[PDB]
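# Reading the structure
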Amino acid sequence: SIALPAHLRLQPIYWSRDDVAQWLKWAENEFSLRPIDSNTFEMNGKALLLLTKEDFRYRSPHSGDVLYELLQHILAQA
């Protein structure tokens, strides 16, 4: 199964700008994604939630849609 590390176990809506950077750092190792600059999503979880799939793909051509589905999958948790 796909379980978030203990430090990020809260609903994304509550992630701070630094939780976002920490989720990107984790996803990259966990999922073997391309290197993704940490200052790529300079925003918090609330703002992260407004972005479309197209937007994620804009910020990251390679990882883009994977980071999006991971987030959707996380939202469907609880």
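Keep in mind that residues are numbered from 1 along each chain as the sequence reads, not by the entry's scheme, and that residues without coordinates are left out. Neither water nor hydrogens contribute to the side-chain values; these are computed over all heavy atoms in the structure.

### Considering the side chain of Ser60
Each helix is a run of H or I in the DSSP string that is no shorter than four residues. Each strand is a run of E no shorter than two, and both are numbered from the N terminus. Relative to the assigned elements, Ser60 resides in the loop between α3 (53-59) and α4 (64-75). Residue exposure (1.4 Å probe, protein chains only): buried if accessible area is under 20% of the type maximum, exposed if over 50%, otherwise partly exposed. Residue classification places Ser60 among the buried positions, given a relative accessible area of 6%. Note on contacts: a residue pair qualifies if any of its non-hydrogen atoms lie within 4.5 Å across the two residues. Among all residues touching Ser60, those that are not within four sequence positions of it are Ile36 and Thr40.

### Overview of the packing of aromatic side chains
When the centres of two rings from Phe, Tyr and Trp lie within 6.5 Å, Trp using its six-membered ring, the rings pair. Their planes under 30 degrees apart give stacked, over 60 give edge-to-face, and anything left gives tilted. One pass over the full model with this rule turns up 4 aromatic pairs. Ring centres of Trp15 and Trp23 lie 5.5 Å apart, and the angle between their planes is 40°; on these two criteria the pair is classed as tilted. Judged by relative accessible area, which is 0%, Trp23 ranks as buried. Only when the NZ of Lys or the CZ of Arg is both within 6 Å of the ring centre and within 35 degrees of the ring normal is a charge said to sit over the ring. Over the ring of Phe41 we find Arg59; its NZ or CZ atom is 5.5 Å from the centre of that ring.

### A look at the pattern of salt bridges
What counts as a salt bridge is simple: a side-chain nitrogen of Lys or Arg found within 4 Å of a carboxyl oxygen of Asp or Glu. Enumeration over the complete set of coordinates arrives at 3 salt bridges. The partner of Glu42 in a salt bridge is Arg17, with the nearest N and O atoms 2.8 Å apart. Of this pair, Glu42 sits in the loop between α1 (17-31) and α2 (45-48) while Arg17 sits in helix α1, placing them 25 residues apart in sequence. Classification of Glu42 by relative accessible area gives partly exposed; the value is 47%. A salt bridge links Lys53 to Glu69; its shortest N-O distance comes to 3.1 Å. Of this pair, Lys53 sits in helix α3 while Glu69 is found in helix α4, placing the two residues 16 residues apart along the sequence. For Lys53, a relative accessible area of 29% translates into the label partly exposed. Look at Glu69 and you get partly exposed, because its relative accessible area is 41%.

In short, geometric facts, not functional conclusions.
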